[PDB]
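Novice: This is the structure I want to talk about, given as structure tokens.
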Amino acid sequence: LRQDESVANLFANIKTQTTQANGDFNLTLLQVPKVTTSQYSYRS
Amino acid sequence: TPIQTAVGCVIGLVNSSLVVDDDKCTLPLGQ
Ligand SMILES: *[C@@H]1O[C@H](CO)[C@@H](O)[C@H](O)[C@H]1NC(C)=O
Ligand SMILES: *[C@@H]1O[C@H](CO)[C@@H](O)[C@H](O)[C@H]1NC(C)=O
Numbered sequence: 832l833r834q835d836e837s838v839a840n841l842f843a844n845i846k847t848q849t850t851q852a858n859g860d861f862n863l864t865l866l867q868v869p870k871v872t873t874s875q876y877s878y879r880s
Numbered sequence: 703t704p705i706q707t708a709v710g711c712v713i714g715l716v717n718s719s720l721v722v723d724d725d726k727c728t729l730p731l732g733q
């Protein structure tokens, strides 16, 4: 139970309030691939 | 009627397609 509470607190703390929708910097490794090779849609 | 979940299949819970968020979910149930 303490482990679950700590995980919930961590993932509530690392949340952000406001987001925005690259330039010449190639960030395809950090972002989600166009064709997913994994079973998780949000994994990078 | 038992239903199949991602933490093993359960008896006594109904599936109603209701979505809650974080910091309102007591009984976190796993996954
Ligand atoms: C960014 O890097 C990936 C690495 O494989 C590459 O496939 C992709 O073409 C690169 N993007 C550009 C615009 O060169
Ligand atoms: C609940 O029912 C809907 C529609 O029958 C289904 O898509 C969904 O996967 C069910 N929930 C679970 C946890 O299986």
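From first to last, the protein sequence lines stand for chains C and B.
Counted the way PDB author numbering counts, the first sequence spans residues 832 to 852, 858 to 880.
Throughout, PDB author numbering is defined as the position within the second sequence, counted from one, plus 702.
Cβ atoms here follow ideal geometry from the backbone N, Cα and C, with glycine treated the same way.
(1) Whose Cβ in chain C lies nearer than 8 Å to the Cβ of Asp724 (chain B)?
(2) Give the residues of chain C in contact with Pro704 (chain B), contact being defined as C-beta atoms less than 7 Å apart.
(3) Could you tell me which residues DSSP pairs with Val712 (chain B) in its beta bridges?
(4) Counting only beta-carbon atoms, is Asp835 (chain C) nearer than 7 Å to chain B?
(5) What are the boundary residues of the alpha helix (DSSP H) that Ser837 (chain C) is part of?
Specialist: By the coordinates alone:
(1) As a first step, residue 724 (chain B) must be located in the second sequence, where it is residue number 22. Per Cβ cutoff of 8 Å: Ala839, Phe842 and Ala843.
(2) To locate residue 704 (chain B), count along the second sequence from 1; it is residue 2. Going along chain C, no residue has its Cβ under 7 Å from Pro704 (chain B), so there is no contact; the nearest lies around 25 Å.
(3) By one-based count along the second sequence, residue 712 (chain B) stands at place 10. Answer by DSSP bridge pairing, in chain order: B:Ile705.
(4) Counting from one through the first sequence, the residue named residue 835 (chain C) turns up at place 4. Output row for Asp835 (chain C): interface = yes.
(5) The sequence position of residue 837 (chain C) within the first sequence is 6, counting from 1. Per DSSP, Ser837 (chain C) belongs to the alpha helix (DSSP H) from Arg833 to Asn844.
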